[PDB]
Amino acid sequence: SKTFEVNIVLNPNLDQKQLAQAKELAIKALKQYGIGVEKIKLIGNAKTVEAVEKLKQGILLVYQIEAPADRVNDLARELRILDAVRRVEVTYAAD
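Heads up: the sequence shown begins at 11 in this note's numbering, then just goes up one per residue.
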């Protein structure tokens, strides 16, 4: 019943609706991880990122999702493999 908080930073080279395509691509991969208790926090001030040059707006979608830790590899794999997501971090949160 592990709960992981996923920090997803979207590719700055996308349009405003291609960021929603990246959101849906993220959610796809996020669902591949699991579909347990979910809390969506779209952070719009988290400029902190390698590509801060183009991500001064801090396009960082947070998904706090409960699911087994066995699939954390596929979680980050399926999120990071995207050319629509700039950066993906996975930090364990309160169950």
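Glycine included, C-beta positions come from ideal geometry on N, C-alpha and C.
Span separating the alpha-carbon of residue i from that of residue j
{"i": "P78", "j": "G44", "result": "8 angstroms"}
{"i": "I69", "j": "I75", "result": "19 angstroms"}
{"i": "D105", "j": "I50", "result": "16 angstroms"}
{"i": "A39", "j": "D25", "result": "20 angstroms"}
{"i": "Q42", "j": "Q67", "result": "28 angstroms"}
{"i": "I18", "j": "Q31", "result": "13 angstroms"}
{"i": "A56", "j": "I37", "result": "19 angstroms"}
{"i": "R97", "j": "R81", "result": "18 angstroms"}
Assumed close pair residue i, residue j - CB separation to whole angstroms, cut-off 8 angstroms
{"i": "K12", "j": "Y102", "result": "7 angstroms"}
Per-residue DSSP class, three states only, for residue i
{"i": "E99", "result": "strand"}
{"i": "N55", "result": "coil"}
{"i": "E63", "result": "coil"}
{"i": "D25", "result": "coil"}
Beta-bridge pairing of residue i - partner residues as DSSP gives them
{"i": "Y73", "result": "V16 and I50"}
- Message: Assess contact between the region 26-33 and the region 53-68, defined as three or more Cβ pairs (one per stretch) separated by less than 8 angstroms. Is contact present?
- Response: no
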